$ cat my_file.txt   # compact mmCIF, C-alpha atoms
# COMPACT_ATOMS: atom_id res chain seq x y z
CA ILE A 1 3.12 60.66 -21.07
CA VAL A 2 5.02 63.67 -22.60
CA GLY A 3 4.30 67.10 -21.17
CA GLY A 4 2.28 65.98 -18.29
CA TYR A 5 2.14 66.22 -14.51
CA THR A 6 2.12 63.68 -11.70
CA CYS A 7 -1.33 62.40 -11.02
CA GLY A 8 -0.60 61.62 -7.39
CA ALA A 9 -0.90 58.25 -5.79
CA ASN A 10 -4.11 56.36 -6.42
CA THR A 11 -6.00 59.49 -7.73
CA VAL A 12 -6.75 57.48 -10.94
CA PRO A 13 -8.09 54.36 -9.26
CA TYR A 14 -9.28 52.57 -12.46
CA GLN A 15 -5.78 52.71 -13.97
CA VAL A 16 -4.03 49.31 -14.06
CA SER A 17 -0.65 48.11 -15.36
CA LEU A 18 -0.23 44.98 -17.62
CA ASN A 19 2.96 43.21 -16.63
CA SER A 20 4.86 40.29 -18.26
CA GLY A 21 8.16 40.61 -16.49
CA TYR A 22 7.94 44.30 -16.66
CA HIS A 23 5.30 47.04 -17.26
CA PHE A 24 4.39 47.19 -20.97
CA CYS A 25 0.83 48.57 -21.37
CA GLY A 26 -1.91 50.17 -19.33
CA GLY A 27 -5.64 49.30 -19.07
CA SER A 28 -8.83 50.38 -17.24
CA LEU A 29 -10.74 48.39 -14.62
CA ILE A 30 -14.39 48.44 -15.70
CA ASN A 31 -15.59 46.13 -13.00
CA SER A 32 -14.04 43.89 -10.32
CA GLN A 33 -13.37 41.10 -12.81
CA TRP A 34 -12.65 42.87 -16.22
CA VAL A 35 -10.17 45.33 -17.57
CA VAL A 36 -10.16 46.97 -21.03
CA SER A 37 -6.92 47.47 -23.07
CA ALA A 38 -5.51 47.70 -26.58
CA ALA A 39 -5.56 44.48 -28.67
CA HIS A 40 -1.91 45.06 -29.69
CA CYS A 41 -1.19 44.63 -25.92
CA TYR A 42 -2.15 40.96 -26.07
CA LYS A 43 0.47 38.61 -24.62
CA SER A 44 -0.02 35.29 -23.05
CA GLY A 45 0.73 35.23 -19.32
CA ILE A 46 -0.37 38.87 -18.40
CA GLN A 47 -0.34 39.79 -14.77
CA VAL A 48 -2.54 42.70 -13.97
CA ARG A 49 -1.50 45.19 -11.23
CA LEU A 50 -4.08 47.34 -9.44
CA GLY A 51 -3.68 50.09 -6.85
CA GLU A 52 -0.15 51.09 -8.15
CA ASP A 53 1.50 54.44 -8.07
CA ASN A 54 5.21 53.78 -7.94
CA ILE A 55 5.67 50.75 -10.13
CA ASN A 56 9.14 49.85 -8.63
CA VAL A 57 8.35 50.21 -5.04
CA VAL A 58 5.62 48.37 -3.01
CA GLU A 59 3.52 50.95 -1.18
CA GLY A 60 1.09 48.31 -0.10
CA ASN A 61 -2.06 49.36 -1.78
CA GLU A 62 -1.39 47.13 -4.74
CA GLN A 63 -3.24 44.02 -5.94
CA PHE A 64 -1.60 41.59 -8.42
CA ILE A 65 -3.93 39.30 -10.24
CA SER A 66 -3.28 37.10 -13.30
CA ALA A 67 -5.38 37.28 -16.38
CA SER A 68 -7.53 34.22 -16.76
CA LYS A 69 -8.78 35.09 -20.22
CA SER A 70 -8.10 37.69 -22.94
CA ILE A 71 -10.60 38.36 -25.66
CA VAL A 72 -9.21 40.31 -28.63
CA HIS A 73 -11.98 42.16 -30.68
CA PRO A 74 -13.07 39.84 -33.66
CA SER A 75 -12.32 42.56 -36.16
CA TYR A 76 -8.95 43.51 -34.82
CA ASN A 77 -6.46 44.29 -37.59
CA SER A 78 -2.80 44.34 -36.61
CA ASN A 79 -1.71 46.09 -39.82
CA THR A 80 -4.05 49.03 -39.41
CA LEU A 81 -4.65 48.85 -35.72
CA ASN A 82 -8.43 49.12 -36.51
CA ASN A 83 -10.61 47.68 -33.70
CA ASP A 84 -7.67 47.96 -31.30
CA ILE A 85 -9.51 46.82 -28.20
CA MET A 86 -9.40 43.75 -25.89
CA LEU A 87 -10.97 42.52 -22.68
CA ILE A 88 -9.06 40.72 -19.95
CA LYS A 89 -10.83 38.73 -17.37
CA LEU A 90 -9.10 38.46 -13.99
CA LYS A 91 -8.46 35.11 -12.33
CA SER A 92 -10.09 36.52 -9.17
CA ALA A 93 -12.23 39.54 -8.66
CA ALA A 94 -10.30 42.51 -7.37
CA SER A 95 -11.37 44.22 -4.08
CA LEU A 96 -12.75 47.54 -4.81
CA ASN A 97 -11.74 50.20 -2.35
CA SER A 98 -10.81 53.80 -2.38
CA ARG A 99 -7.60 53.17 -4.34
CA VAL A 100 -9.13 50.52 -6.64
CA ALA A 101 -12.28 51.50 -8.48
CA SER A 102 -13.81 50.99 -11.90
CA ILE A 103 -14.60 53.58 -14.55
CA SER A 104 -17.95 53.81 -16.32
CA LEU A 105 -18.65 53.07 -19.91
CA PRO A 106 -20.02 55.91 -22.05
CA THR A 107 -23.63 56.15 -23.25
CA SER A 108 -22.67 58.40 -26.12
CA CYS A 109 -19.47 59.39 -27.99
CA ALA A 110 -17.77 62.59 -27.00
CA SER A 111 -17.42 65.65 -29.14
CA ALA A 112 -14.55 67.50 -30.56
CA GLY A 113 -13.20 70.07 -28.06
CA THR A 114 -14.04 68.04 -24.97
CA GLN A 115 -11.25 67.97 -22.50
CA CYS A 116 -10.09 64.51 -21.25
CA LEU A 117 -7.60 62.97 -18.81
CA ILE A 118 -4.97 60.56 -20.14
CA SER A 119 -2.67 58.55 -17.86
CA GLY A 120 0.13 56.09 -17.86
CA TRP A 121 3.72 55.08 -17.01
CA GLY A 122 5.06 55.56 -20.49
CA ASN A 123 7.93 57.55 -21.90
CA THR A 124 7.99 61.23 -20.89
CA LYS A 125 10.48 62.39 -23.62
CA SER A 126 9.55 63.09 -27.18
CA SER A 127 13.19 62.63 -28.05
CA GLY A 128 14.91 60.07 -26.08
CA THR A 129 13.81 57.87 -23.34
CA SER A 130 12.83 58.53 -19.83
CA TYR A 131 10.43 56.13 -18.15
CA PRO A 132 8.88 57.26 -14.95
CA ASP A 133 8.43 55.58 -11.58
CA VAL A 134 5.08 57.24 -10.85
CA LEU A 135 1.84 57.56 -12.85
CA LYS A 136 1.63 60.69 -15.00
CA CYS A 137 -1.53 62.57 -16.17
CA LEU A 138 -2.33 64.88 -19.04
CA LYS A 139 -5.33 66.88 -19.95
CA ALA A 140 -5.94 67.02 -23.66
CA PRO A 141 -9.00 67.88 -25.98
CA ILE A 142 -10.62 65.60 -28.54
CA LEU A 143 -9.70 67.06 -31.91
CA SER A 144 -11.91 67.19 -34.93
CA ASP A 145 -12.14 64.33 -37.41
CA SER A 146 -10.98 66.63 -40.08
CA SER A 147 -7.91 67.62 -38.36
CA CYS A 148 -7.21 64.03 -37.44
CA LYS A 149 -7.66 62.69 -40.87
CA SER A 150 -5.45 65.22 -42.38
CA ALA A 151 -2.77 64.58 -39.79
CA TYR A 152 -2.86 60.95 -40.81
CA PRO A 153 -3.89 60.63 -44.45
CA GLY A 154 -5.24 57.36 -45.23
CA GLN A 155 -4.91 55.99 -41.74
CA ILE A 156 -7.86 57.12 -39.61
CA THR A 157 -10.81 54.74 -39.42
CA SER A 158 -14.23 55.40 -37.82
CA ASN A 159 -13.12 53.45 -34.82
CA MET A 160 -10.30 55.98 -33.91
CA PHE A 161 -10.09 59.64 -32.78
CA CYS A 162 -7.34 62.08 -32.30
CA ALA A 163 -6.76 63.88 -28.97
CA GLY A 164 -3.92 66.26 -28.08
CA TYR A 165 -2.23 69.34 -29.58
CA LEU A 166 -1.29 70.01 -33.20
CA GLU A 167 1.48 72.19 -31.80
CA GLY A 168 3.28 69.13 -30.31
CA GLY A 169 4.89 68.97 -26.85
CA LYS A 170 2.20 66.94 -24.96
CA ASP A 171 0.90 63.51 -25.90
CA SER A 172 0.87 59.97 -24.68
CA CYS A 173 3.80 57.75 -25.75
CA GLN A 174 5.38 54.25 -25.66
CA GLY A 175 4.31 52.24 -22.55
CA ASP A 176 1.09 54.20 -22.33
CA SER A 177 -0.77 51.87 -24.76
CA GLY A 178 -4.01 50.41 -23.64
CA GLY A 179 -4.53 53.07 -20.92
CA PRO A 180 -7.51 55.33 -20.37
CA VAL A 181 -8.79 58.48 -21.99
CA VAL A 182 -11.48 59.64 -19.62
CA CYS A 183 -13.89 62.53 -20.46
CA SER A 184 -16.69 63.54 -18.09
CA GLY A 185 -16.17 60.49 -15.94
CA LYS A 186 -16.69 58.04 -18.84
CA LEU A 187 -14.02 55.95 -20.61
CA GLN A 188 -14.05 57.40 -24.11
CA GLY A 189 -10.60 56.32 -25.44
CA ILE A 190 -7.83 53.65 -25.29
CA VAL A 191 -4.23 54.80 -25.94
CA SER A 192 -3.36 53.18 -29.24
CA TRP A 193 -0.75 54.68 -31.71
CA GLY A 194 0.85 57.90 -33.11
CA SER A 195 3.78 58.81 -35.37
CA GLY A 196 6.51 59.48 -32.74
CA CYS A 197 5.33 61.26 -29.58
CA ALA A 198 4.41 64.81 -29.12
CA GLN A 199 5.44 65.67 -32.67
CA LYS A 200 3.94 68.77 -34.27
CA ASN A 201 0.95 67.89 -36.42
CA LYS A 202 1.01 64.28 -35.27
CA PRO A 203 -1.41 63.90 -32.34
CA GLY A 204 -2.12 60.60 -30.64
CA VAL A 205 -4.67 58.19 -31.94
CA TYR A 206 -7.07 56.44 -29.57
CA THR A 207 -9.61 53.66 -29.94
CA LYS A 208 -13.13 55.08 -29.92
CA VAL A 209 -14.75 53.22 -26.97
CA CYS A 210 -18.32 54.44 -27.56
CA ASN A 211 -18.45 52.36 -30.77
CA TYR A 212 -17.91 49.21 -28.64
CA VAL A 213 -20.07 49.54 -25.46
CA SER A 214 -22.48 46.85 -26.59
CA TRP A 215 -19.78 44.32 -27.57
CA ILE A 216 -18.12 44.91 -24.19
CA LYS A 217 -21.31 44.56 -22.10
CA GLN A 218 -22.14 41.51 -24.20
CA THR A 219 -18.72 39.83 -23.74
CA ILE A 220 -18.48 40.53 -20.04
CA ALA A 221 -21.88 39.18 -19.13
CA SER A 222 -21.39 36.16 -21.30
CA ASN A 223 -17.85 34.91 -20.20
CA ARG B 1 4.27 56.09 -39.33
CA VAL B 2 1.94 53.81 -37.53
CA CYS B 3 3.66 52.94 -34.32
CA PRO B 4 1.64 51.41 -31.42
CA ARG B 5 2.36 52.81 -27.97
CA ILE B 6 3.45 49.55 -26.32
CA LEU B 7 6.69 49.42 -24.32
CA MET B 8 8.77 46.87 -26.21
CA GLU B 9 12.50 46.02 -25.75
CA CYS B 10 14.33 45.50 -29.01
CA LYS B 11 17.79 44.99 -30.59
CA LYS B 12 16.87 45.62 -34.16
CA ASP B 13 14.17 47.52 -36.03
CA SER B 14 12.66 44.20 -37.13
CA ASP B 15 11.95 43.36 -33.53
CA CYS B 16 9.31 46.09 -33.35
CA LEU B 17 5.56 46.27 -34.16
CA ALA B 18 4.09 47.93 -37.24
CA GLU B 19 6.14 50.87 -38.30
CA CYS B 20 7.82 51.40 -35.05
CA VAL B 21 11.63 51.35 -35.14
CA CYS B 22 14.20 50.22 -32.54
CA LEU B 23 15.69 53.28 -30.99
CA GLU B 24 19.06 53.98 -29.30
CA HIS B 25 18.26 52.72 -25.65
CA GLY B 26 16.88 49.42 -26.79
CA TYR B 27 13.20 50.25 -26.92
CA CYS B 28 10.77 50.52 -29.89
CA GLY B 29 9.40 53.89 -30.75
$ encode --input "my_file.txt" --output "structure tokens"
Amino acid sequence: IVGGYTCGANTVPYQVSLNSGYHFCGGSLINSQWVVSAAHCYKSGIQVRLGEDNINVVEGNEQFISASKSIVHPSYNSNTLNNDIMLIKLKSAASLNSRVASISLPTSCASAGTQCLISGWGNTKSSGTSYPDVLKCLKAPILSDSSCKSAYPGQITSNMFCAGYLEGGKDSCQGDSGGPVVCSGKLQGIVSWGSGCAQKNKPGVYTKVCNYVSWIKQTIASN
Amino acid sequence: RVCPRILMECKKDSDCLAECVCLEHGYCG
């Protein structure tokens, strides 16, 4: 997260970290057994970490659970990042508590102008590298399709939306992939891609969760 | 450029996804 503030410990209880040695993507706990993330986050041997704030330091609310199964969306395209979504089933259910809680799925898509919360442990510099210890937050509006498509000519499919600021200066960024974009208490977005971070006229691009609610509720209750 | 927001160590550009490149402190971006 570039431009953001510090969420505070466990105030975003559905945020998880995907770890293979180190933190490399986020995700969102959508019940005690399943997390949603970006399909480009797929790796074999994911460990999922719940109840984190400081990723380097054990504060004892955490739960560490391996992924038992990862189900990349059937129409995922790694060249275009279209359908950039994936479900991870946990090897055990997590315990839900006040630090560890799941986020609802939307019943409709959200409109342009609607303010959302984005979180993650990714890079906080738009030039250079600075990776934080503690979870950062950002509030950012869904931008129009027009303005998205013109920011990224050719690259915006119907499964994506832009959120952020055409001015630059605040955006998500590397190591935030797969993490939540939450608007009115529903998971609308997954952190997916951008051209740089926080660059003027290049807002972040997010997977459009409302286009997938069926496929998720399908997959989850069938696996 | 299309660069996914994953945290990925690299040593050369060609290590990275998509049209990310390998930047100065050994991470894609």
$ atom_distance --input "my_file.txt" --atom1 "atom CA of residue A:141" --atom2 "atom CA of residue A:126"
19.2 Å
$ closest_atom_pairs --input "my_file.txt" --of "chain A" --to "chain B" --cutoff "10 Å" --atoms "all atoms listed in the file" --output "tab-separated table"
residue	atom	partner	partner_atom	distance
A:22	CA	B:7	CA	9.3
A:23	CA	B:7	CA	7.6
A:24	CA	B:7	CA	4.6
A:25	CA	B:6	CA	5.7
A:26	CA	B:6	CA	8.8
A:38	CA	B:6	CA	9.2
A:40	CA	B:4	CA	7.5
A:41	CA	B:6	CA	6.8
A:78	CA	B:18	CA	7.8
A:79	CA	B:18	CA	6.6
A:80	CA	B:2	CA	7.9
A:81	CA	B:4	CA	8.0
A:84	CA	B:4	CA	9.9
A:121	CA	B:7	CA	9.7
A:122	CA	B:7	CA	7.4
A:123	CA	B:7	CA	8.6
A:126	CA	B:29	CA	9.9
A:127	CA	B:29	CA	9.9
A:128	CA	B:24	CA	8.0
A:129	CA	B:25	CA	7.2
A:130	CA	B:25	CA	9.9
A:131	CA	B:7	CA	9.9
A:152	CA	B:1	CA	8.8
A:155	CA	B:2	CA	8.3
A:172	CA	B:5	CA	8.0
A:173	CA	B:5	CA	5.6
A:174	CA	B:5	CA	4.1
A:175	CA	B:7	CA	4.1
A:176	CA	B:5	CA	5.9
A:177	CA	B:5	CA	4.6
A:178	CA	B:6	CA	8.0
A:179	CA	B:5	CA	9.9
A:191	CA	B:5	CA	7.2
A:192	CA	B:4	CA	5.7
A:193	CA	B:4	CA	4.1
A:194	CA	B:3	CA	5.8
A:195	CA	B:1	CA	4.8
A:196	CA	B:29	CA	6.6
A:197	CA	B:29	CA	8.5
A:202	CA	B:1	CA	9.7
A:204	CA	B:5	CA	9.4
A:205	CA	B:4	CA	9.3
$ write_last_selection --input "my_file.txt" --atoms "C-alpha atoms" --output "mmCIF file, in the coordinates of the input"
data_model
loop_
_atom_site.group_PDB
_atom_site.id
_atom_site.type_symbol
_atom_site.label_atom_id
_atom_site.label_comp_id
_atom_site.auth_asym_id
_atom_site.auth_seq_id
_atom_site.Cartn_x
_atom_site.Cartn_y
_atom_site.Cartn_z
ATOM 1 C CA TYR A 22 7.940 44.300 -16.660
ATOM 2 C CA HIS A 23 5.300 47.040 -17.260
ATOM 3 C CA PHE A 24 4.390 47.190 -20.970
ATOM 4 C CA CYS A 25 0.830 48.570 -21.370
ATOM 5 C CA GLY A 26 -1.910 50.170 -19.330
ATOM 6 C CA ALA A 38 -5.510 47.700 -26.580
ATOM 7 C CA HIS A 40 -1.910 45.060 -29.690
ATOM 8 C CA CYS A 41 -1.190 44.630 -25.920
ATOM 9 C CA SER A 78 -2.800 44.340 -36.610
ATOM 10 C CA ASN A 79 -1.710 46.090 -39.820
ATOM 11 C CA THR A 80 -4.050 49.030 -39.410
ATOM 12 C CA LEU A 81 -4.650 48.850 -35.720
ATOM 13 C CA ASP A 84 -7.670 47.960 -31.300
ATOM 14 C CA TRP A 121 3.720 55.080 -17.010
ATOM 15 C CA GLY A 122 5.060 55.560 -20.490
ATOM 16 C CA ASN A 123 7.930 57.550 -21.900
ATOM 17 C CA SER A 126 9.550 63.090 -27.180
ATOM 18 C CA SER A 127 13.190 62.630 -28.050
ATOM 19 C CA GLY A 128 14.910 60.070 -26.080
ATOM 20 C CA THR A 129 13.810 57.870 -23.340
ATOM 21 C CA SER A 130 12.830 58.530 -19.830
ATOM 22 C CA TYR A 131 10.430 56.130 -18.150
ATOM 23 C CA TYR A 152 -2.860 60.950 -40.810
ATOM 24 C CA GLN A 155 -4.910 55.990 -41.740
ATOM 25 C CA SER A 172 0.870 59.970 -24.680
ATOM 26 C CA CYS A 173 3.800 57.750 -25.750
ATOM 27 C CA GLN A 174 5.380 54.250 -25.660
ATOM 28 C CA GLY A 175 4.310 52.240 -22.550
ATOM 29 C CA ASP A 176 1.090 54.200 -22.330
ATOM 30 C CA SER A 177 -0.770 51.870 -24.760
ATOM 31 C CA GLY A 178 -4.010 50.410 -23.640
ATOM 32 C CA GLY A 179 -4.530 53.070 -20.920
ATOM 33 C CA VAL A 191 -4.230 54.800 -25.940
ATOM 34 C CA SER A 192 -3.360 53.180 -29.240
ATOM 35 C CA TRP A 193 -0.750 54.680 -31.710
ATOM 36 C CA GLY A 194 0.850 57.900 -33.110
ATOM 37 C CA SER A 195 3.780 58.810 -35.370
ATOM 38 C CA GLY A 196 6.510 59.480 -32.740
ATOM 39 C CA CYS A 197 5.330 61.260 -29.580
ATOM 40 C CA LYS A 202 1.010 64.280 -35.270
ATOM 41 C CA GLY A 204 -2.120 60.600 -30.640
ATOM 42 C CA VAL A 205 -4.670 58.190 -31.940
#
$ closest_residue --input "my_file.txt" --among "A:13, A:180, A:203, A:74" --to "residue A:39" --atoms "only C-alpha atoms"
A:74
$ atom_distance --input "my_file.txt" --atom1 "atom CA of residue A:43" --atom2 "atom CA of residue A:75"
17.7 Å
$ atom_distance --input "my_file.txt" --atom1 "atom CA of residue A:33" --atom2 "atom CA of residue A:115"
28.6 Å
$ axis_aligned_box --input "my_file.txt" --around "stretch 41-52 of chain A" --padding-each-side "8 Å" --output "lines of an AutoDock Vina configuration file"
center_x = -1.7
center_y = 43.2
center_z = -16.5
size_x = 20.8
size_y = 31.9
size_z = 35.2
$ residues_near_point --input "my_file.txt" --point "(-7.8, 58.3, -6.2)" --cutoff "10 Å" --atoms "all atoms listed in the file" --output "list in words"
residues 7, 8, 9, 10, 11, 12, 13, 14, 15, 51, 97, 98, 99, 100 and 101 of chain A
$ write_last_selection --input "my_file.txt" --atoms "C-alpha atoms" --output "tab-separated table (two decimals), in the frame of the given file"
chain	number	residue	atom	x	y	z
A	7	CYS	CA	-1.33	62.40	-11.02
A	8	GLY	CA	-0.60	61.62	-7.39
A	9	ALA	CA	-0.90	58.25	-5.79
A	10	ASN	CA	-4.11	56.36	-6.42
A	11	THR	CA	-6.00	59.49	-7.73
A	12	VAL	CA	-6.75	57.48	-10.94
A	13	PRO	CA	-8.09	54.36	-9.26
A	14	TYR	CA	-9.28	52.57	-12.46
A	15	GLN	CA	-5.78	52.71	-13.97
A	51	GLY	CA	-3.68	50.09	-6.85
A	97	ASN	CA	-11.74	50.20	-2.35
A	98	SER	CA	-10.81	53.80	-2.38
A	99	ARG	CA	-7.60	53.17	-4.34
A	100	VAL	CA	-9.13	50.52	-6.64
A	101	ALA	CA	-12.28	51.50	-8.48
$ closest_residue --input "my_file.txt" --among "A:185, A:86, A:167, A:136" --to "residue A:102" --atoms "all atoms listed in the file"
A:185
